[PDB]
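>>> this one's sequence-less:
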DNA sequence: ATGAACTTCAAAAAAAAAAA
Ligand SMILES: [Mg+2]
């Protein structure tokens, strides 16, 4: 199902007119297309480049498929009419001649044996007269932009004769048919059966085709080539007898999705997501749709793309799915492709890890809270960072919190450590440090990494007995009383006592609570002083002694307890109510 | 009530734009705005464009922010959109919700940015509040007909042989223009 | 949340100060500077400093208590606390530093829980 | 028919396609299912035949990259030195599997004298209830043990209760017909699961 | 060759180290993603048995053939020779490039992914090196550092299940001497395979079950459930093997089983 | 090439400072979060041994695979310009270079070294392997907010009145860290770890905190090095049977430990005389 | 540079004042909480030694890497405007900058300095490493609430004319802090820290409290500086087997101390003379 | 001749909230 779900959208995108390589071809990224006249005579070396900031090498021309050269005598293979600045010009940037001239001795051979088998084309007779020139090819090096194709190793030049103007020599409706004939005769006399993917006879394809976009080089996604990965003496592709017509389909299915908008990194794991076979598009809804509705394979991938993007957008919505999205989360090994994810499941089922991420991360917010309901990871991790989210450690943090969030894994200790660092370093617990600590501690509980404690809740737990959480609440009420006593404070007992009330409660809370009677005295509403003192009595009723030192477990609680109680105090009528029910 | 727009008059008076006539006039205006295209279709988003303006909370914000009978920034676009998606049709409802929930936040995506799928699913409480406002005092129950059978006409009066998908966005923006205009 | 038999001198002094201020704040409830507002800072740290003066000051609050039996109520728990206080410590230990605030608010809760003192007195 | 109930913490019925980067077949392969039933009992008279797998725990995956070795062992070179022949095969393993393989068997051409189907049937029956085996059954890979049992009818809850995923063309049971003694020249027959209605029935060739 | 079926419950532990890191995730100890319990792929155990037998034997009949470059530096007549002069080929089996079953020698000793008893808490210890290796991107002016990463399990009592099959020993010639070497390995291999990544590991018990039958007179599951390993009564988080009750249960196996408590 | 196998219990302690701060946690001392027990990585004590051998030995045959300007390939390639430049046929040139460092770099003899980096120079296991030392009791990391009365950069706030960069100086008020160590004969054979190179390591463990001091770690001391020398290059006894043999418990009734005086290191030299030797080097 | 390694016990007390306020804890003195014993960061005494050297030396080769308007990158960039502007080849440009910052700044030559910051000046460890100063007995931080008859910005000015901002003055009614310190020779070689700079440091330790007085310090003194000068660059004896020679206890019958006359500082120079000197510089 | 050693292959890949 890993590949029959790729074959079964090649057969969908090839039938949704989405423009996928048709049965013999490949959307190869040809950077430095060659222009020739009708009888040779190199005209121009156009570069079909200029895309995303790393100038990806060429407009994807859907040219005859890359033949997977890959060998010591790699020169013999010679892709049909597009290959290489070493195959087209015999120019070796770093490979040396006789490893580029023998390439050109075979690329010219390939073109010519095409020309004999495909005459009166004026496109291949042109290039076959351009590949029997040795001078116009020399003129290719003396081109205006040749110096920029020599810069890109493995440049793929291809032969657009002039007077076709978009259509390559390998695009004419004879080379197009030749490839549709050279992938229907030569790749049909091979090992007769039987398909792994489709199950049909469909002659077996040894050498699956170089799935591009995963690795540093197009690597054969399914490729058993070492002395023992071969199971039954099957030798490299008969270990997995996938037909040529099916091998091509899923290879060019990955190739487009790793080159399309389907590709997106879940985290450090480039993933191709495509909608499964959509339901028959119930009649009423299909009444308005013309055709009617078509199963565009990559249609609602956004639902899943904007699910993992929701972890950074903070725009997570609990989804109701039943629209199943294939999500093949491949990743490079070295030059194999490691399927790290495979999910035919719905986006609702995929969300169960981000939902648990944004439910373990749920934290109290008052009214008109400037904080998002589900707080974006970059803005969430920005509460761990020095002052702006780029220095949060790209290996135990932003790159691992995401893996701990995308997968409902345990948030690393490096959050308590980092979130606590910032709690007592910014001298305040931003929503985002309280929320992130709530997520850490909830998952530490759920993993049995935080044994005695019970999972935190959104709200303040006017309970919880936790010698760190209740002192966090105590600090929250103490600082609320101070900020209620002195509205404009320059050094709240946060900014002055937090670093040691969080981590060392006897050092401080024995002296915060001498400031406390004075703060209560200064409350202009003495009844408000009574209410706040009542709740600090309630808070401190759960406390039997300020601990000498708060474990890393509880300084997270302190921060969570602080934020819980401080958003309880800044609730509409919470303290007035809770006081009035006593 | 309900106070669609609270204009502090130049004479230090306050005039109230009745949401009744605000929605009525917007729908009538973006019924001529669309020709054979969405004449009675864009109005059904004109009727609904500020349904969330019926919010009991927003009728406490538009007063607070515009100084009518003496700061929260209460969303109101999404409520009309959710009302549409539940009442007309999963197709027409979302069609109309693009227009409605975008009418101030800008036209929204379904998934990626400012996603409607998120806002509608989160509009349930907001729609409940705004529809409670709508039913609470005034606005006869057949003020929002949302007659899908009639609304099916100008859709099919324009989409002869069904709705082209690759250019259904052009209404979603042209009829959006009718609403926002 | 009150260990009436804690014996932690900081905690018993916190309890004692809580009842002392309870009496002061029942002696005259309209009070600008209760002993929390004027004495707590050292009662929590230097119990010998105040707690001597806090009990010069205590019988007069017990007199000023309007409900003459309420004075017995609160004096009884002062004695209940002071059984656990063999001496007002010169300087409260740091553990005891914090436990004094613990005691203040534990015993303050115990006093402002409705029937607790009037009940617990009647089991003596 | 035997309703043996393979189960194990992990399992890798490695898809032929994703062999170097092992991705387990979502359920027990009828080859791996059968060879398990040869691990408990086999003889070149019994020829096992899986009649119906039944998934008993949901298809749950855990990726495990093991530093596998790249090359076979050989008489020629008398050692590997793994750090020279290292490979890192990922393994999308099947965590917490269970499968009640409803399997029976037939008698081969070389059934011998004591060709009693009942003899081998009761032999396997005693082996499975007692727990005996020639080989601790491999859930696709020997690194994964089959904590089996010989159920009579049904003693575990199959999770794919309503009609569930069709895993497509899985390796059925590699064809050792052209092979000489000890499976030299084989081929792979493969099967539409048929679906997984709640426990997949397999197809006898 | 041995004539008994051995199903053993190895119980090693890691006290401050990385038992078996994950190439998935850098080098962090293989956790079970859903339950947090650590995994130690049997090939790691199969390695330290291999390593031990390579350290100790240093002779013919006991080579390893999958040997470490960093620890020591007709058709059924060479496959028997491989199952003769290579202890690993006998013990753990082989895939001989020439063979009968397209290569395999299965070898008696099957092994289980050593799942930890309780959720290990992989401690991502970001370590530093006061030196860069290459002419780094930032092997710059101020100092050469290559801030690194070294994980530990603060303790994990990993439980492995091995299944020595006397049926395979007959093909491989895995004699009772070789199997005694195997127990010596499991017990005495975390004393010899020490490292920086692997911290301190200790074979905290190798509870073999010898079966009077070749075929094996028990379900291996039932035997392993006789070796009940639990966190102790008051142990909140495990940190040493004396935080585990390894209660073996020999009460009912006594029919024809032998619980050789070879390591505990 | 030592001929015995050693299993030592090193017990050092930290008085006031970061025994080994966690770069993941500012510079918080590595705490095992579950138990609060401190951790001092393998590499920390290996580095402190390295520093001790950069201090006291300072010659060829005891280089250290070294300090700041330590482009490690500059040493790894330095191997390949040796007696093994071209006659050692890369296959075994790697091993020859690996042996060159196991002749030259005391760190690479004692501990290992991943040297496969530059011109691949082998990959040594290291006869001496320390384990992450856990403090016997939870370290009560104090996390002092120090102040600096001088800003470093032209800060966003390096403003008018004062320039200040407060910062954090985490300290362990006391932690008795118990490193376990394994000096395996088998890898002492491939690296040439000599009995001399082993007495150097014993000296290093005993004296390497007296010499590796800092503002960060303050005072650390080696509080005892109980070495179990086994008669065979195998193990006479299981290592942990010998490490539980050295049991360190907080003193009878100290609720929080302030010094070694609040710990009790009781060794059990009663039954190891099987053939083993407990040689007590610090305790 | 120095050719002996020193381990000094620097007993300094505070009589009525805040020896080192914990910014994490209001300003109340740093305290080892679970033992109540006070703390004075190593950076605090390094600061007062810096203040002393900035006070007395007033000359180049003894600058201090300095007071408030002390943007450190400014001094570091001064290092890169030297003989090593270009001539030192960025790799060792930072090392030449270290040698400079060590030459000029006695702070850097004596204590270290993290100067990797601006035009990177390297990273000096600093031969002199004071530890944290844990008071012998629990400091009974008094936290004297004080008053001011004045306020600050007319936002906290009273709604009546009576302005006052009482505030708090934490004082240790007495604490005999004990700072272990280590003059490491190996890093004296790095910084050029000489016996002249070391005698400056000893004067600084003895006289660093006579000069750094605050309303906060009240009265701090240097009750003793017992310097263990080892014969070797290495340590003749383990550092803590020396520091246990300076046993400071509260005297016979003091419930808790109130002056140095309440502490007996017993110095045990009986057998340290193995090869090694104890010089009672301060006491 | 089989299997390690080696030689070619190919030339990455990049994001991320408002609020009507
Ligand atoms: Mg509007």
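Noted; the coordinates are in hand. Residues are numbered from 1 along each chain as shown, chains lettered A, B, ... in the order given.
>>> all strands of the chain, in order?
If you meant another chain, say so; for now it's chain A. For chain A, applying DSSP state E gives strands covering A:25-30, A:34-37, A:40-45, A:59-64, A:160-161, A:263-265, A:270-275, A:325-332, A:337-343.
>>> could you do chain E instead?
Remark: strands assigned in chain E by DSSP E are E:5-14, E:109-111, E:115-116, E:123-125, E:150-152, E:156-164, E:201-211, E:227-231, E:244-248, E:257-261.
>>> who's in contact with residue E:175?
Going by Cβ atoms under 8 Å, 6 or more residues apart in numbering or on different chains, residue E:175 touches E:1, E:2, E:169. Where C-beta positions appear, they are placed from N, C-alpha and C, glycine not excepted.
>>> same question, residue D:171
Taking Cβ under 8 Å, 6+ apart, we find residue D:171 in contact with A:196, D:13, D:15, D:16, D:25, D:29, D:30, D:31, D:188, D:189, D:190.
>>> And the strands in chain D?
D:3-4, D:7-11, D:46-52, D:60-63, D:92-98, D:102-107, D:138-139, D:141-145, D:150-151, D:169-171, D:190-192.
>>> The fourth one packs against which elements?
In terms of contacts (3 or more Cβ pairs under 8 Å, 6 or more residues apart in numbering or on different chains; DSSP states H and E), strand D:60-63 is packed against strand A:337-343, strand D:92-98.
>>> circling back to that earlier point, Produce a ChimeraX select command limited to the buried residues of the contacts of residue D:171.
Here is the ChimeraX command that selects only those of these that count as buried (16 or more other Cβ atoms under 10 Å in any protein chain shown):
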select /A:196 /D:13,15,16,25,29,30,31,188,189,190
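>>> Of the contacts of residue D:171, which belong to helices?
If you go by DSSP state H, these have D:30, D:31 in helices.
>>> Name the nearest of the contacts of residue D:171 relative to chain G.
If you rank the contacts of residue D:171 by distance to chain G using Cβ to the nearest Cβ, residue D:15 comes first, at 51.9 Å.
>>> and that closest one, what is it in contact with?
Contacts for residue D:15 (Cβ under 8 Å, 6+ apart) come out as A:2, A:240, D:22, D:23, D:24, D:25, D:170, D:171.
>>> I'd like the residues you listed as TSV, with distance to residue A:186 appended.
As requested, the contacts of residue D:15 are arranged in TSV below (distance: Cβ to Cβ, whole Å):
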residue	distance to residue A:186
A:2	27
A:240	21
D:22	32
D:23	30
D:24	35
D:25	32
D:170	30
D:171	28
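>>> my read: residue A:5 touches residue A:324, true?
No. Judged on Cβ atoms under 8 Å, residue A:5 makes no contact with residue A:324 at a distance of 10.1 Å.
>>> Spit out the residues that contact the two alike.
A:276, A:344.
>>> So what pairs up with residue A:325 in the strands?
residue A:275 (DSSP bridges).
>>> Pretty sure residue A:304 is one of the things it touches, is it not?
Yes. With contacts counted by Cβ under 8 Å, residue A:325 reaches residue A:304, the gap being 4.5 Å.
>>> Which one's more surrounded, the two?
A count of neighbours by other Cβ atoms under 10 Å in any protein chain shown puts residue A:304 above the other of residue A:325 and residue A:304, at 31 against 26.
>>> Now do the contacts for the more buried one.
Contacts of residue A:304 by Cβ under 8 Å, 6+ apart are A:273, A:325, A:327, A:347, A:350.
>>> longest single helix anywhere in chain D?
Per DSSP H, chain D has its longest helix at helix D:117-130.
>>> quick check: angle from that helix to strand D:46-52?
Orientation of helix D:117-130 against strand D:46-52 (axes from the mean of the first three to the mean of the last three Cα atoms, to 10 degrees) gives an angle of 60 degrees.
>>> Give me the angle between helix D:117-130 and strand D:102-107.
140 degrees.
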